[PDB]
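Student: Let me begin by handing over the structure; questions about it come next.
Number of protein chains: 4
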Amino acid sequence: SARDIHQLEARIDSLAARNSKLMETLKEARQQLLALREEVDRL
Amino acid sequence: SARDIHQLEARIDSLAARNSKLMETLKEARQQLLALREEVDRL
Amino acid sequence: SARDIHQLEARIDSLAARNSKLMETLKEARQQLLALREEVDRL
Amino acid sequence: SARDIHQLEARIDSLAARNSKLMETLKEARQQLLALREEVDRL
Numbered sequence: 052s053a054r055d056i057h058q059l060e061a062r063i064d065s066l067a068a069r070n071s072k073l074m075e076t077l078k079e080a081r082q083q084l085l086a087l088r089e090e091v092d093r094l
Numbered sequence: 052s053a054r055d056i057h058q059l060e061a062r063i064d065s066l067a068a069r070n071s072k073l074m075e076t077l078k079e080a081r082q083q084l085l086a087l088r089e090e091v092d093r094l
Numbered sequence: 052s053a054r055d056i057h058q059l060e061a062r063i064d065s066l067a068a069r070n071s072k073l074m075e076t077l078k079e080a081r082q083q084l085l086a087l088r089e090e091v092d093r094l
Numbered sequence: 052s053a054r055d056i057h058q059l060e061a062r063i064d065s066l067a068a069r070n071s072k073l074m075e076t077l078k079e080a081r082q083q084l085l086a087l088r089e090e091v092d093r094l
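Here it is in structure tokens:
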């Protein structure tokens, strides 16, 4: 069943890649929100 | 000040685009987790 | 072995619960961003 | 109008709090995915 384990592994690896994509996208959003809050004060 | 508002709007629009990107990525993660739960069951 | 499976299933279910938590939180953020964009316009 | 800005600030603060909630939840999902990948290998 090495077949079964590498199939489960490929799937977990995929989920882990989407997790990293989510985190990097959230980090950019945090930066933009902070800039938005400074821009609202400059006004 | 049209200047100010159009700059605030550009930033909110960017945040809304990242919000959509996060949601589509999370929808794909849900699909993959569901398939992982069925693959685990099968064995 | 079903011991192994129940442990794997408990972990996947936990990940699925966090996935739902992320999606509901993102849905609230989308609504707030839309209201922010309407508030900016009104001014 | 001072309260135009405090309304906008309140809304941005709320979005930033949801952003932190998303990141914390995602950091927990990453840890659990990593443990799942180790548990699958134990098999």
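Residue numbers (the entry's author numbering), protein chains in the order written: chain D, 52 to 94; chain B, 52 to 94; chain C, 52 to 94; chain A, 52 to 94.
Cβ coordinates follow ideal geometry from the N, Cα and C atoms, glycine included.
Taking only three categories from DSSP, how would you classify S65 of chain B?
Tutor: DSSP places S65 of chain B in helix when its eight states are reduced to three.
Student: Could you give the DSSP three-state label for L94 of chain B: helix, strand or coil?
Tutor: Here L94 of chain B sits in coil by DSSP.
Student: With 9 Å as the C-beta to C-beta threshold (strictly closer), list the residues of the segment 76-88 of chain B near chain C in chain order.
Tutor: Correct list: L77, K78, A80, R81, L84, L85, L87 and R88.
Student: Taking only three categories from DSSP, how would you classify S71 of chain D?
Tutor: It is helical.
Student: Taking the alpha carbon of residue 113 of chain A as the reference point, which residue from D:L87, D:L77, D:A67 and D:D55 has its own alpha carbon closest?
Tutor: Look at the range of chain A in this structure, 52 to 94, and you will see that residue 113 of chain A is not part of it.
Student: Cα separation between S71 of chain D and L77 of chain D?
Tutor: Going from the Cα of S71 of chain D to the Cα of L77 of chain D covers about 10 Å.
Student: When burial is assigned at 16 or more other CB atoms within 10 Å of the CB, is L87 of chain B buried or exposed?
Tutor: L87 of chain B comes out buried.
Student: Cβ of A61 of chain B less than 7 Å from any chain C Cβ?
Tutor: With 7 Å as the cut-off, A61 of chain B does not count as an interface residue toward chain C.
Student: Evaluate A80 of chain C with the Cβ neighbour count: other Cβ atoms within 10 Å of its Cβ, from every protein chain shown; 16 or more gives buried, anything less gives exposed.
Tutor: It is buried - the Cβ of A80 of chain C has at least 16 other Cβ atoms within 10 Å.
Student: Checking contacts by CB at 7 Å: is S71 of chain B closer than that to chain D?
Tutor: Answer no: the Cβ-Cβ gap between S71 of chain B and chain D never drops below 7 Å.
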